[PDB]
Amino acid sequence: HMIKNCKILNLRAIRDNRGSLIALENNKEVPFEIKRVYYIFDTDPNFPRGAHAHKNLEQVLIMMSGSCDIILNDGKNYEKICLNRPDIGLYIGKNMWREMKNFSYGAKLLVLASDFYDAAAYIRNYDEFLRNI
């Protein structure tokens, strides 16, 4: 796989008989400062999300339940990645096009974001994404 700005984070759970606990801290497990946490639930494999990019926004994606595929695209290379467990995090860094699909029904995705929500930061035209690479 040749995509530069992403990384699989095989996170460390602490397990005991009460359950499993995973923790992520700014500039530690997450290579940025958390400004925003959001989560998506009530998902459906017939209803993918839209492809778009961001410029400066970084994220870490954790499948809290169920599964999905993320197609990542750096302008050059693309890679499909299945998220299907809550102890794996997908770092998506700067200048990445991505598209999330095949959510198992009712799957839940947790996202840690480096910056606040801004609809203007979504790049929906692929050619515009290329140009700014």
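We number the residues from 1 along the sequence you see.
Worksheet item: Got a sec? Mean C-alpha B-factor, which is higher, 105 to 113 or 20 to 28?
Response: In the deposited entry, the stretch with the higher C-alpha B-factor mean is 20 to 28.
Worksheet entry | 63 to 71 set against 49 to 57, stretch whose average Cα temperature factor tops the other in the entry | Averaging CA B-factors over each stretch, the winner is 49 to 57.
Practice prompt. Consider only the C-alpha atoms of the modelled residues in this chain, order them by B-factor as the entry records it, and name the third containing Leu11: lowest, middle or highest.
Written response: Ranked within chain, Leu11 CA B lands in the lowest tercile.
Worksheet entry | For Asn84, the third of its chain into which the C-alpha B factor falls | Within its chain, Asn84 is a lowest-third residue by C-alpha B-factor, going by the deposited values.
Item to complete: Report the third (lowest, middle or highest) to which the CA temperature factor of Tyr78 belongs, ranking only the modelled residues of the same chain.
Response: Its C-alpha B-factor, which the entry lists for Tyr78, ranks in the highest third among residues of this chain.
Item to complete: Give the position of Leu90 by CA B-factor within its chain, expressed as the lowest, middle or highest third.
Response: According to the entry, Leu90 has a C-alpha B-factor in the chain's lowest third.
Discussion item. Could you place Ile40 in the lowest, middle or highest third of its chain by Cα temperature factor, using the values in the record?
Written reply: For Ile40, the deposited C-alpha B-factor lands in the lowest third.
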